[PDB]
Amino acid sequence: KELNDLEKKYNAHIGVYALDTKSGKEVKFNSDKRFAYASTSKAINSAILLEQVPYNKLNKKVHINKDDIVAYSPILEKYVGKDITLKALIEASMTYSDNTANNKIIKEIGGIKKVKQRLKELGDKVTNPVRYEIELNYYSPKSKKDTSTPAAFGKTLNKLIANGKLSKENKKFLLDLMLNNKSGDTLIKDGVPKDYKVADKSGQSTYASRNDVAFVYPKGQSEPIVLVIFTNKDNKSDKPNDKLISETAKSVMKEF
């Protein structure tokens, strides 16, 4: 197969970065191109919070309020003017891409400002968190706001989680969420051999920016394969096509 042909075929753009955690083999097509990462950012945001907040403390509470409410928050919507623990807050973010849960998680971290420098400290001078959800989705191929290359964002998912500074309990919490998230069944999950497991977090933005990042797990393999697939179209209101992600997933997984 060929990723290049996939672009002619689908008239989209492909940003790929696969890093085997075992071999250390890196497959990449356009991994140094900037694309809108979209809601996939919530892996980074909640991995960071897990760095500071111990698992024995995820029972803690935060009071959700009116100003904390944003469009598209399936669960947190039922908590307006109420409390909720961090665990439940982080599950909403990952299981449902709840926006109220992500923004609250960001504020607890100290704001976009903090998330940003942590990236820097992590040694990531590419990812550019500038806005909160839902605004981070208004992508413009002219701007850099809320963008990242596949190799940059790809390494960050690695350095934060795989070879992370997280605990073993937090790490396994996150991964469970990402494993049971039914939102990516028509993307990567739909393209990796039946046997492989995927801990994912997808997204979509303007310009038909459909993405999916996941920690894939081959047969008999213990170390996943970090797989960041970022894609996009030439036009603002173009409809994306998950098939392209599913197909890009299998062209690349052939190498692993």
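So that there is no doubt, residue numbering starts at 1 and follows the sequence shown.
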Comparing 241 to 249 with 21 to 29, the one whose average Cα B-factor in the PDB entry is higher: 21 to 29
Average Cα temperature factor in the PDB entry - higher stretch of 34 to 42, 60 to 68: 60 to 68
C-alpha B-factor winner, where the candidates are 182, 118, 107, 145: 118
Residue with maximal Cα B-factor (values as given in the PDB entry) among 124, 83, 98, 135: 83
Residue 196, C-alpha B-factor rank within chain (lowest, middle or highest third): middle
Chain thirds of CA B-factor: placement of residue 224: middle
Residue 53 CA temperature factor, ranked by third within the chain: highest
Chain third (lowest, middle, highest) by recorded CA B-factor, residue given as residue 151: lowest
Third of chain Cα B-factors occupied by residue 141: lowest
